[PDB]
$ cat input35.txt   # compact mmCIF, N, CA and C atoms
# COMPACT_ATOMS: atom_id res chain seq x y z
N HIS A 141 -16.13 -7.98 -26.45
CA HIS A 141 -15.38 -9.22 -26.62
C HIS A 141 -15.08 -10.00 -25.32
N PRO A 142 -14.84 -9.30 -24.19
CA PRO A 142 -14.56 -10.17 -23.05
C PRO A 142 -15.83 -10.55 -22.29
N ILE A 143 -15.81 -11.73 -21.67
CA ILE A 143 -16.82 -12.04 -20.67
C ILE A 143 -16.26 -11.55 -19.35
N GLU A 144 -16.94 -10.58 -18.75
CA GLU A 144 -16.47 -9.99 -17.50
C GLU A 144 -17.34 -10.39 -16.33
N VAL A 145 -16.73 -10.48 -15.15
CA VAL A 145 -17.48 -10.67 -13.92
C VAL A 145 -16.98 -9.70 -12.85
N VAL A 146 -17.86 -9.34 -11.93
CA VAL A 146 -17.49 -8.45 -10.84
C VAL A 146 -17.48 -9.23 -9.53
N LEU A 147 -16.29 -9.43 -8.99
CA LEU A 147 -16.13 -10.22 -7.77
C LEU A 147 -15.80 -9.31 -6.59
N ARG A 148 -16.49 -9.52 -5.48
CA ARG A 148 -16.36 -8.64 -4.33
C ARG A 148 -16.12 -9.39 -3.02
N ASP A 149 -15.22 -8.86 -2.20
CA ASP A 149 -15.04 -9.33 -0.84
C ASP A 149 -15.68 -8.33 0.12
N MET A 150 -16.04 -7.16 -0.41
CA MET A 150 -16.51 -6.07 0.44
C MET A 150 -17.77 -5.42 -0.09
N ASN A 151 -18.51 -4.79 0.82
CA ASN A 151 -19.58 -3.88 0.44
C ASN A 151 -19.00 -2.51 0.10
N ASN A 152 -19.83 -1.64 -0.47
CA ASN A 152 -19.36 -0.33 -0.94
C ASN A 152 -18.78 0.58 0.14
N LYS A 153 -19.37 0.54 1.34
CA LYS A 153 -18.88 1.37 2.44
C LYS A 153 -17.46 0.99 2.86
N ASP A 154 -17.23 -0.30 3.08
CA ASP A 154 -15.90 -0.77 3.47
C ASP A 154 -14.88 -0.50 2.37
N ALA A 155 -15.31 -0.65 1.12
CA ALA A 155 -14.42 -0.48 -0.02
C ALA A 155 -13.96 0.97 -0.19
N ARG A 156 -14.75 1.91 0.31
CA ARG A 156 -14.43 3.33 0.13
C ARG A 156 -13.73 3.94 1.34
N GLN A 157 -13.50 3.13 2.37
CA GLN A 157 -12.80 3.57 3.58
C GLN A 157 -11.49 4.28 3.26
N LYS A 158 -11.19 5.32 4.02
CA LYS A 158 -9.90 6.00 3.90
C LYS A 158 -9.05 5.73 5.14
N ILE A 159 -7.74 5.72 4.96
CA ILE A 159 -6.82 5.44 6.05
C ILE A 159 -6.69 6.63 7.00
N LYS A 160 -6.67 6.35 8.30
CA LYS A 160 -6.55 7.39 9.31
C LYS A 160 -5.10 7.78 9.57
N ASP A 161 -4.89 9.06 9.86
CA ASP A 161 -3.58 9.60 10.25
C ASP A 161 -2.53 9.50 9.14
N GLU A 162 -1.29 9.86 9.48
CA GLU A 162 -0.20 9.95 8.52
C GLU A 162 0.06 8.64 7.79
N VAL A 163 0.46 8.74 6.52
CA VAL A 163 0.67 7.56 5.69
C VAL A 163 1.93 7.66 4.84
N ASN A 164 2.39 6.51 4.36
CA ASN A 164 3.42 6.45 3.33
C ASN A 164 2.78 6.05 2.01
N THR A 165 3.45 6.34 0.90
CA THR A 165 2.90 6.01 -0.41
C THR A 165 3.94 5.39 -1.33
N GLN A 166 3.46 4.63 -2.31
CA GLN A 166 4.33 4.01 -3.31
C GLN A 166 3.61 3.82 -4.64
N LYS A 167 4.27 4.22 -5.72
CA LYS A 167 3.76 4.00 -7.07
C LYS A 167 4.63 3.01 -7.82
N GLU A 168 3.99 2.03 -8.44
CA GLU A 168 4.67 1.12 -9.36
C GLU A 168 3.79 0.98 -10.59
N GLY A 169 4.12 1.74 -11.63
CA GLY A 169 3.31 1.76 -12.84
C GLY A 169 1.91 2.27 -12.56
N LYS A 170 0.91 1.45 -12.85
CA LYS A 170 -0.48 1.84 -12.64
C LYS A 170 -0.90 1.74 -11.18
N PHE A 171 -0.19 0.92 -10.41
CA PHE A 171 -0.55 0.66 -9.02
C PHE A 171 -0.12 1.78 -8.07
N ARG A 172 -1.01 2.11 -7.14
CA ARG A 172 -0.74 3.14 -6.14
C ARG A 172 -1.03 2.60 -4.75
N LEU A 173 -0.01 2.52 -3.91
CA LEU A 173 -0.15 1.96 -2.57
C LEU A 173 -0.12 3.04 -1.49
N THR A 174 -1.10 3.00 -0.59
CA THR A 174 -1.12 3.89 0.56
C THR A 174 -1.09 3.05 1.82
N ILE A 175 -0.17 3.37 2.72
CA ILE A 175 0.04 2.53 3.89
C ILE A 175 0.23 3.34 5.17
N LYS A 176 -0.46 2.92 6.22
CA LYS A 176 -0.38 3.58 7.52
C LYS A 176 1.06 3.65 7.99
N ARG A 177 1.47 4.83 8.46
CA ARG A 177 2.84 5.04 8.92
C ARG A 177 3.10 4.26 10.20
N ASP A 178 2.24 4.48 11.19
CA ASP A 178 2.36 3.82 12.48
C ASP A 178 1.76 2.42 12.42
N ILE A 179 2.61 1.43 12.15
CA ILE A 179 2.14 0.06 11.99
C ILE A 179 2.77 -0.90 12.99
N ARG A 180 3.16 -0.37 14.14
CA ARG A 180 3.66 -1.20 15.22
C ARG A 180 2.49 -1.98 15.83
N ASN A 181 2.77 -3.20 16.27
CA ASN A 181 1.77 -4.10 16.83
C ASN A 181 0.63 -4.45 15.88
N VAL A 182 0.91 -4.45 14.58
CA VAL A 182 0.03 -5.11 13.63
C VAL A 182 0.41 -6.57 13.70
N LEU A 183 -0.47 -7.39 14.28
CA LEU A 183 -0.12 -8.77 14.59
C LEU A 183 -0.56 -9.75 13.51
N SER A 184 -1.52 -9.34 12.70
CA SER A 184 -1.96 -10.15 11.57
C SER A 184 -2.54 -9.27 10.48
N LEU A 185 -2.77 -9.85 9.31
CA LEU A 185 -3.27 -9.08 8.18
C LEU A 185 -4.41 -9.82 7.49
N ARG A 186 -5.42 -9.08 7.07
CA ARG A 186 -6.54 -9.65 6.33
C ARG A 186 -6.77 -8.82 5.08
N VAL A 187 -6.71 -9.48 3.92
CA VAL A 187 -6.75 -8.79 2.64
C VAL A 187 -8.08 -9.02 1.90
N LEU A 188 -8.77 -7.93 1.58
CA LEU A 188 -10.02 -8.01 0.84
C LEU A 188 -9.89 -7.24 -0.47
N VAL A 189 -10.58 -7.71 -1.51
CA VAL A 189 -10.49 -7.11 -2.84
C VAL A 189 -11.86 -7.01 -3.51
N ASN A 190 -12.11 -5.87 -4.15
CA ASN A 190 -13.21 -5.74 -5.10
C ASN A 190 -12.62 -5.47 -6.48
N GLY A 191 -13.13 -6.15 -7.51
CA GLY A 191 -12.61 -5.93 -8.84
C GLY A 191 -13.41 -6.54 -9.97
N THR A 192 -13.11 -6.11 -11.19
CA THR A 192 -13.68 -6.70 -12.39
C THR A 192 -12.66 -7.64 -13.02
N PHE A 193 -13.10 -8.84 -13.37
CA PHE A 193 -12.20 -9.87 -13.87
C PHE A 193 -12.61 -10.33 -15.26
N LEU A 194 -11.62 -10.57 -16.12
CA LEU A 194 -11.88 -11.13 -17.44
C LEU A 194 -12.00 -12.64 -17.35
N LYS A 195 -13.15 -13.17 -17.73
CA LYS A 195 -13.34 -14.61 -17.76
C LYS A 195 -12.69 -15.19 -19.02
N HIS A 196 -11.83 -16.18 -18.83
CA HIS A 196 -11.21 -16.87 -19.95
C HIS A 196 -12.04 -18.12 -20.26
N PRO A 197 -12.16 -18.46 -21.55
CA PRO A 197 -12.99 -19.58 -22.02
C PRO A 197 -12.80 -20.88 -21.24
N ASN A 198 -11.57 -21.16 -20.81
CA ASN A 198 -11.31 -22.38 -20.05
C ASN A 198 -11.66 -22.25 -18.57
N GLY A 199 -12.08 -21.05 -18.17
CA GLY A 199 -12.56 -20.83 -16.81
C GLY A 199 -11.67 -19.96 -15.95
N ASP A 200 -10.42 -19.77 -16.37
CA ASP A 200 -9.48 -18.95 -15.62
C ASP A 200 -9.95 -17.50 -15.51
N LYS A 201 -9.45 -16.79 -14.51
CA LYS A 201 -9.82 -15.40 -14.30
C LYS A 201 -8.59 -14.51 -14.18
N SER A 202 -8.66 -13.33 -14.79
CA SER A 202 -7.61 -12.34 -14.65
C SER A 202 -8.20 -10.98 -14.30
N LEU A 203 -7.56 -10.29 -13.36
CA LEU A 203 -8.01 -8.97 -12.92
C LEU A 203 -7.82 -7.94 -14.02
N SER A 204 -8.93 -7.39 -14.50
CA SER A 204 -8.87 -6.34 -15.52
C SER A 204 -9.01 -4.97 -14.90
N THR A 205 -9.75 -4.90 -13.80
CA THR A 205 -9.93 -3.64 -13.10
C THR A 205 -9.92 -3.83 -11.59
N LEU A 206 -8.88 -3.32 -10.93
CA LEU A 206 -8.86 -3.29 -9.48
C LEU A 206 -9.71 -2.12 -9.02
N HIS A 207 -10.77 -2.42 -8.27
CA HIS A 207 -11.59 -1.38 -7.68
C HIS A 207 -10.91 -0.92 -6.40
N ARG A 208 -10.60 -1.88 -5.53
CA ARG A 208 -9.95 -1.60 -4.26
C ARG A 208 -9.43 -2.87 -3.58
N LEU A 209 -8.20 -2.81 -3.09
CA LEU A 209 -7.69 -3.82 -2.17
C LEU A 209 -7.54 -3.17 -0.81
N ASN A 210 -8.10 -3.81 0.22
CA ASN A 210 -7.95 -3.35 1.59
C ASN A 210 -7.19 -4.36 2.43
N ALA A 211 -6.34 -3.87 3.33
CA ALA A 211 -5.67 -4.72 4.29
C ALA A 211 -6.00 -4.25 5.70
N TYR A 212 -6.45 -5.17 6.54
CA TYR A 212 -6.87 -4.83 7.90
C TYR A 212 -5.99 -5.52 8.94
N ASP A 213 -5.71 -4.84 10.05
CA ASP A 213 -5.00 -5.48 11.15
C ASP A 213 -5.95 -6.33 11.99
N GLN A 214 -5.44 -6.88 13.09
CA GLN A 214 -6.25 -7.76 13.93
C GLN A 214 -7.44 -7.05 14.57
N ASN A 215 -7.35 -5.72 14.66
CA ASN A 215 -8.40 -4.93 15.31
C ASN A 215 -9.44 -4.38 14.34
N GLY A 216 -9.30 -4.71 13.06
CA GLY A 216 -10.23 -4.25 12.05
C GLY A 216 -9.86 -2.88 11.51
N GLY A 217 -8.68 -2.40 11.88
CA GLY A 217 -8.20 -1.12 11.39
C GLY A 217 -7.64 -1.23 9.98
N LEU A 218 -8.00 -0.28 9.13
CA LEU A 218 -7.50 -0.26 7.76
C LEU A 218 -6.07 0.25 7.75
N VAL A 219 -5.12 -0.64 7.49
CA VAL A 219 -3.71 -0.30 7.58
C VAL A 219 -3.08 -0.10 6.20
N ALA A 220 -3.80 -0.48 5.15
CA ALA A 220 -3.29 -0.34 3.79
C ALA A 220 -4.39 -0.37 2.75
N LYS A 221 -4.20 0.40 1.68
CA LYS A 221 -5.10 0.33 0.54
C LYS A 221 -4.32 0.35 -0.77
N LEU A 222 -4.78 -0.45 -1.73
CA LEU A 222 -4.16 -0.49 -3.05
C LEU A 222 -5.21 -0.19 -4.11
N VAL A 223 -4.89 0.77 -4.98
CA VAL A 223 -5.75 1.10 -6.11
C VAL A 223 -4.91 1.11 -7.38
N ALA A 224 -5.57 1.30 -8.52
CA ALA A 224 -4.86 1.41 -9.79
C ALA A 224 -5.48 2.53 -10.63
N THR A 225 -4.66 3.15 -11.48
CA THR A 225 -5.10 4.32 -12.23
C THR A 225 -5.69 3.96 -13.60
N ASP A 226 -5.51 2.71 -14.02
CA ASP A 226 -5.99 2.26 -15.32
C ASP A 226 -6.27 0.76 -15.32
N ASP A 227 -7.00 0.29 -16.33
CA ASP A 227 -7.28 -1.13 -16.50
C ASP A 227 -5.99 -1.93 -16.60
N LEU A 228 -6.04 -3.19 -16.18
CA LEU A 228 -4.84 -4.00 -16.08
C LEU A 228 -4.71 -5.02 -17.20
N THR A 229 -3.48 -5.19 -17.69
CA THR A 229 -3.16 -6.24 -18.64
C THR A 229 -1.99 -7.05 -18.11
N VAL A 230 -1.54 -8.03 -18.88
CA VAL A 230 -0.46 -8.92 -18.45
C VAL A 230 0.88 -8.19 -18.28
N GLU A 231 0.99 -7.00 -18.86
CA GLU A 231 2.23 -6.23 -18.76
C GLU A 231 2.40 -5.59 -17.39
N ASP A 232 1.31 -5.53 -16.62
CA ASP A 232 1.32 -4.90 -15.31
C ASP A 232 1.64 -5.90 -14.20
N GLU A 233 1.86 -7.15 -14.59
CA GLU A 233 2.04 -8.23 -13.63
C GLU A 233 3.27 -8.04 -12.74
N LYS A 234 4.36 -7.56 -13.32
CA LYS A 234 5.58 -7.31 -12.55
C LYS A 234 5.42 -6.12 -11.61
N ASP A 235 4.67 -5.11 -12.05
CA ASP A 235 4.36 -3.96 -11.20
C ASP A 235 3.49 -4.41 -10.03
N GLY A 236 2.55 -5.31 -10.31
CA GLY A 236 1.62 -5.79 -9.31
C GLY A 236 2.30 -6.65 -8.26
N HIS A 237 3.11 -7.59 -8.73
CA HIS A 237 3.88 -8.45 -7.83
C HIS A 237 4.76 -7.63 -6.90
N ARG A 238 5.41 -6.62 -7.47
CA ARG A 238 6.39 -5.83 -6.73
C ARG A 238 5.76 -4.97 -5.64
N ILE A 239 4.62 -4.36 -5.93
CA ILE A 239 3.99 -3.46 -4.96
C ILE A 239 3.25 -4.22 -3.86
N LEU A 240 2.82 -5.44 -4.18
CA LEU A 240 2.19 -6.29 -3.18
C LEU A 240 3.26 -6.86 -2.26
N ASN A 241 4.44 -7.11 -2.82
CA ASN A 241 5.61 -7.50 -2.05
C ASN A 241 5.89 -6.43 -1.00
N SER A 242 5.90 -5.18 -1.46
CA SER A 242 6.15 -4.03 -0.60
C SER A 242 5.13 -3.94 0.53
N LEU A 243 3.88 -4.24 0.20
CA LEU A 243 2.80 -4.24 1.18
C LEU A 243 3.07 -5.23 2.30
N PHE A 244 3.43 -6.45 1.93
CA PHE A 244 3.60 -7.53 2.90
C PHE A 244 4.93 -7.47 3.66
N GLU A 245 5.95 -6.92 3.01
CA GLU A 245 7.26 -6.79 3.65
C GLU A 245 7.24 -5.73 4.75
N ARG A 246 6.41 -4.70 4.58
CA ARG A 246 6.29 -3.65 5.58
C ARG A 246 5.64 -4.17 6.86
N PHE A 247 4.71 -5.11 6.70
CA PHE A 247 3.96 -5.64 7.84
C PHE A 247 4.56 -6.93 8.39
N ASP A 248 5.38 -7.59 7.59
CA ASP A 248 5.85 -8.92 7.94
C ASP A 248 7.19 -9.24 7.29
N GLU A 249 8.18 -8.39 7.53
CA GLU A 249 9.52 -8.63 7.00
C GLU A 249 10.09 -9.91 7.62
N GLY A 250 9.71 -10.18 8.86
CA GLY A 250 10.14 -11.37 9.55
C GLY A 250 9.43 -12.62 9.07
N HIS A 251 8.42 -12.43 8.22
CA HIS A 251 7.65 -13.53 7.64
C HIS A 251 7.07 -14.48 8.68
N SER A 252 6.54 -13.92 9.77
CA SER A 252 6.06 -14.75 10.88
C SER A 252 4.56 -14.59 11.14
N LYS A 253 4.07 -13.35 11.06
CA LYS A 253 2.68 -13.05 11.37
C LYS A 253 1.72 -13.66 10.34
N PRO A 254 0.56 -14.15 10.82
CA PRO A 254 -0.46 -14.72 9.93
C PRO A 254 -1.07 -13.69 8.98
N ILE A 255 -1.16 -14.06 7.71
CA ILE A 255 -1.79 -13.23 6.70
C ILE A 255 -2.88 -14.03 6.01
N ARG A 256 -4.12 -13.55 6.08
CA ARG A 256 -5.21 -14.22 5.39
C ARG A 256 -5.90 -13.30 4.38
N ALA A 257 -6.71 -13.88 3.51
CA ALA A 257 -7.39 -13.11 2.48
C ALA A 257 -8.72 -13.74 2.13
N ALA A 258 -9.70 -12.91 1.80
CA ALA A 258 -10.99 -13.41 1.37
C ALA A 258 -10.92 -13.92 -0.07
N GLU A 259 -12.00 -14.55 -0.51
CA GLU A 259 -12.05 -15.27 -1.78
C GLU A 259 -11.52 -14.52 -3.01
N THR A 260 -11.98 -13.29 -3.21
CA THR A 260 -11.55 -12.51 -4.37
C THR A 260 -10.07 -12.19 -4.27
N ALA A 261 -9.64 -11.75 -3.09
CA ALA A 261 -8.25 -11.37 -2.86
C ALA A 261 -7.29 -12.52 -3.14
N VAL A 262 -7.66 -13.72 -2.70
CA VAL A 262 -6.84 -14.91 -2.89
C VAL A 262 -6.49 -15.14 -4.35
N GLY A 263 -7.49 -15.04 -5.22
CA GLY A 263 -7.28 -15.19 -6.65
C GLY A 263 -6.36 -14.12 -7.20
N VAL A 264 -6.53 -12.90 -6.72
CA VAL A 264 -5.69 -11.78 -7.14
C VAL A 264 -4.25 -11.99 -6.68
N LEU A 265 -4.08 -12.40 -5.43
CA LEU A 265 -2.75 -12.67 -4.89
C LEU A 265 -2.08 -13.82 -5.63
N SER A 266 -2.88 -14.79 -6.05
CA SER A 266 -2.39 -15.90 -6.85
C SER A 266 -1.88 -15.41 -8.20
N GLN A 267 -2.66 -14.54 -8.83
CA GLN A 267 -2.31 -14.00 -10.14
C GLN A 267 -1.00 -13.22 -10.09
N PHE A 268 -0.76 -12.53 -8.98
CA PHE A 268 0.45 -11.73 -8.83
C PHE A 268 1.50 -12.42 -7.97
N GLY A 269 1.45 -13.75 -7.95
CA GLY A 269 2.45 -14.58 -7.28
C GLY A 269 2.69 -14.27 -5.81
N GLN A 270 1.61 -14.10 -5.05
CA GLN A 270 1.73 -13.75 -3.64
C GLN A 270 0.98 -14.70 -2.72
N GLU A 271 0.31 -15.70 -3.29
CA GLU A 271 -0.52 -16.61 -2.50
C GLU A 271 0.31 -17.43 -1.50
N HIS A 272 1.59 -17.61 -1.80
CA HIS A 272 2.48 -18.38 -0.94
C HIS A 272 2.64 -17.75 0.44
N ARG A 273 2.41 -16.45 0.53
CA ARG A 273 2.55 -15.72 1.79
C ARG A 273 1.40 -15.98 2.75
N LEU A 274 0.31 -16.55 2.24
CA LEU A 274 -0.90 -16.70 3.03
C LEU A 274 -0.81 -17.81 4.06
N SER A 275 -1.51 -17.61 5.18
CA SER A 275 -1.71 -18.66 6.17
C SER A 275 -3.21 -18.85 6.34
N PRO A 276 -3.88 -19.43 5.33
CA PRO A 276 -5.34 -19.55 5.32
C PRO A 276 -5.90 -20.34 6.50
N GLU A 277 -5.04 -21.11 7.16
CA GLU A 277 -5.43 -21.82 8.37
C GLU A 277 -5.45 -20.87 9.56

$ encode --input "input35.txt" --output "structure tokens"
Amino acid sequence: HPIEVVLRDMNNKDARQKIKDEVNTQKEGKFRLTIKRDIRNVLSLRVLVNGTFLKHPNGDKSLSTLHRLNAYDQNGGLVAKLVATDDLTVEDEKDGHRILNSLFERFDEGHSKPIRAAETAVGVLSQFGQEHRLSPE
């Protein structure tokens, strides 16, 4: 029944990267966040996403399956990863918004550092009400 598309910001190798050294974790419903403990001098953030999206007849897109969200610091270091344990529906939207909030607040509580995202990620961040945090310039 659904028209699905697979949208990627990353190749398979980058998408399967694991975080180095000690980490913190957070669960919000289906979402599971893993974040580097030592995150001092993370000066900017870049968010990439691979996922399967449900195409809506009018053209809109909704994330049905998060494959992987990666967040990189200015040096290309993987400082955060977000995955999910099951397919996503509209009921997971509050869980998604909340855990992405947690991701960005850890790196930018002062709301000053530049945060950018690739094409797929942008749409996902928009869906979970986080696009306002971006500095695409």

$ residues_near_point --input "input35.txt" --point "(-15.8, -12.0, -5.7)" --cutoff "6.5 Å" --atoms "all atoms listed in the file" --output "list in words"
residues 146, 147, 148, 149, 259 and 260 of chain A

$ axis_aligned_box --input "input35.txt" --around "region 197-203 of chain A" --padding-each-side "8 Å" --output "lines of an AutoDock Vina configuration file"
center_x = -10.3
center_y = -15.2
center_z = -17.5
size_x = 21.4
size_y = 30.4
size_z = 25.1

$ closest_residue --input "input35.txt" --among "A:152, A:229, A:252, A:184" --to "residue 202 (chain A)" --atoms "only C-alpha atoms"
A:229

$ closest_residue --input "input35.txt" --among "A:235, A:144, A:151, A:213" --to "residue 185 (chain A)" --atoms "all atoms listed in the file"
A:213

$ closest_residue --input "input35.txt" --among "A:241, A:246, A:221, A:266" --to "residue 172 (chain A)" --atoms "all atoms listed in the file"
A:221

$ build_atoms --input "input35.txt" --residues "region 235-257 of chain A" --atoms "N, CA, C and O atoms" --output "mmCIF file, in the coordinates of the input"
data_model
loop_
_atom_site.group_PDB
_atom_site.id
_atom_site.type_symbol
_atom_site.label_atom_id
_atom_site.label_comp_id
_atom_site.auth_asym_id
_atom_site.auth_seq_id
_atom_site.Cartn_x
_atom_site.Cartn_y
_atom_site.Cartn_z
ATOM 1 N N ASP A 235 4.670 -5.110 -12.050
ATOM 2 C CA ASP A 235 4.360 -3.960 -11.200
ATOM 3 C C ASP A 235 3.490 -4.410 -10.030
ATOM 4 O O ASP A 235 3.660 -3.946 -8.903
ATOM 5 N N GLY A 236 2.550 -5.310 -10.310
ATOM 6 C CA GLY A 236 1.620 -5.790 -9.310
ATOM 7 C C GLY A 236 2.300 -6.650 -8.260
ATOM 8 O O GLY A 236 2.080 -6.473 -7.064
ATOM 9 N N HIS A 237 3.110 -7.590 -8.730
ATOM 10 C CA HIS A 237 3.880 -8.450 -7.830
ATOM 11 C C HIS A 237 4.760 -7.630 -6.900
ATOM 12 O O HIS A 237 4.838 -7.887 -5.697
ATOM 13 N N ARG A 238 5.410 -6.620 -7.470
ATOM 14 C CA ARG A 238 6.390 -5.830 -6.730
ATOM 15 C C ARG A 238 5.760 -4.970 -5.640
ATOM 16 O O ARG A 238 6.302 -4.859 -4.536
ATOM 17 N N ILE A 239 4.620 -4.360 -5.930
ATOM 18 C CA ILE A 239 3.990 -3.460 -4.960
ATOM 19 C C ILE A 239 3.250 -4.220 -3.860
ATOM 20 O O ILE A 239 3.096 -3.721 -2.748
ATOM 21 N N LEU A 240 2.820 -5.440 -4.180
ATOM 22 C CA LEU A 240 2.190 -6.290 -3.180
ATOM 23 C C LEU A 240 3.260 -6.860 -2.260
ATOM 24 O O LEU A 240 3.027 -7.068 -1.065
ATOM 25 N N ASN A 241 4.440 -7.110 -2.820
ATOM 26 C CA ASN A 241 5.610 -7.500 -2.050
ATOM 27 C C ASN A 241 5.890 -6.430 -1.000
ATOM 28 O O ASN A 241 6.092 -6.726 0.175
ATOM 29 N N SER A 242 5.900 -5.180 -1.460
ATOM 30 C CA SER A 242 6.150 -4.030 -0.600
ATOM 31 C C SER A 242 5.130 -3.940 0.530
ATOM 32 O O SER A 242 5.463 -3.605 1.665
ATOM 33 N N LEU A 243 3.880 -4.240 0.200
ATOM 34 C CA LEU A 243 2.800 -4.240 1.180
ATOM 35 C C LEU A 243 3.070 -5.230 2.300
ATOM 36 O O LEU A 243 2.960 -4.901 3.481
ATOM 37 N N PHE A 244 3.430 -6.450 1.930
ATOM 38 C CA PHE A 244 3.600 -7.530 2.900
ATOM 39 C C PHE A 244 4.930 -7.470 3.660
ATOM 40 O O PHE A 244 5.017 -7.913 4.804
ATOM 41 N N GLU A 245 5.950 -6.920 3.010
ATOM 42 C CA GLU A 245 7.260 -6.790 3.650
ATOM 43 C C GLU A 245 7.240 -5.730 4.750
ATOM 44 O O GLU A 245 7.969 -5.834 5.743
ATOM 45 N N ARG A 246 6.410 -4.700 4.580
ATOM 46 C CA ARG A 246 6.290 -3.650 5.580
ATOM 47 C C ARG A 246 5.640 -4.170 6.860
ATOM 48 O O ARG A 246 5.977 -3.740 7.960
ATOM 49 N N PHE A 247 4.710 -5.110 6.700
ATOM 50 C CA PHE A 247 3.960 -5.640 7.840
ATOM 51 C C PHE A 247 4.560 -6.930 8.390
ATOM 52 O O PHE A 247 4.259 -7.323 9.518
ATOM 53 N N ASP A 248 5.380 -7.590 7.590
ATOM 54 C CA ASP A 248 5.850 -8.920 7.940
ATOM 55 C C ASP A 248 7.190 -9.240 7.290
ATOM 56 O O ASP A 248 7.319 -10.233 6.586
ATOM 57 N N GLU A 249 8.180 -8.390 7.530
ATOM 58 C CA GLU A 249 9.520 -8.630 7.000
ATOM 59 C C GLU A 249 10.090 -9.910 7.620
ATOM 60 O O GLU A 249 10.840 -10.644 6.972
ATOM 61 N N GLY A 250 9.710 -10.180 8.860
ATOM 62 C CA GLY A 250 10.140 -11.370 9.550
ATOM 63 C C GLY A 250 9.430 -12.620 9.070
ATOM 64 O O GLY A 250 9.780 -13.730 9.461
ATOM 65 N N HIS A 251 8.420 -12.430 8.220
ATOM 66 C CA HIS A 251 7.650 -13.530 7.640
ATOM 67 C C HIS A 251 7.070 -14.480 8.680
ATOM 68 O O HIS A 251 7.107 -15.694 8.507
ATOM 69 N N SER A 252 6.540 -13.920 9.770
ATOM 70 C CA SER A 252 6.060 -14.750 10.880
ATOM 71 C C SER A 252 4.560 -14.590 11.140
ATOM 72 O O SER A 252 3.863 -15.562 11.421
ATOM 73 N N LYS A 253 4.070 -13.350 11.060
ATOM 74 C CA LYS A 253 2.680 -13.050 11.370
ATOM 75 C C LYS A 253 1.720 -13.660 10.340
ATOM 76 O O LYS A 253 2.015 -13.687 9.149
ATOM 77 N N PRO A 254 0.560 -14.150 10.820
ATOM 78 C CA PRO A 254 -0.460 -14.720 9.930
ATOM 79 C C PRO A 254 -1.070 -13.690 8.980
ATOM 80 O O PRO A 254 -1.431 -12.585 9.389
ATOM 81 N N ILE A 255 -1.160 -14.060 7.710
ATOM 82 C CA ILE A 255 -1.790 -13.230 6.700
ATOM 83 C C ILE A 255 -2.880 -14.030 6.010
ATOM 84 O O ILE A 255 -2.607 -15.079 5.427
ATOM 85 N N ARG A 256 -4.120 -13.550 6.080
ATOM 86 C CA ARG A 256 -5.210 -14.220 5.390
ATOM 87 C C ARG A 256 -5.900 -13.300 4.380
ATOM 88 O O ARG A 256 -5.698 -12.083 4.387
ATOM 89 N N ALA A 257 -6.710 -13.880 3.510
ATOM 90 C CA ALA A 257 -7.390 -13.110 2.480
ATOM 91 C C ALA A 257 -8.720 -13.740 2.130
ATOM 92 O O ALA A 257 -8.866 -14.961 2.161
#
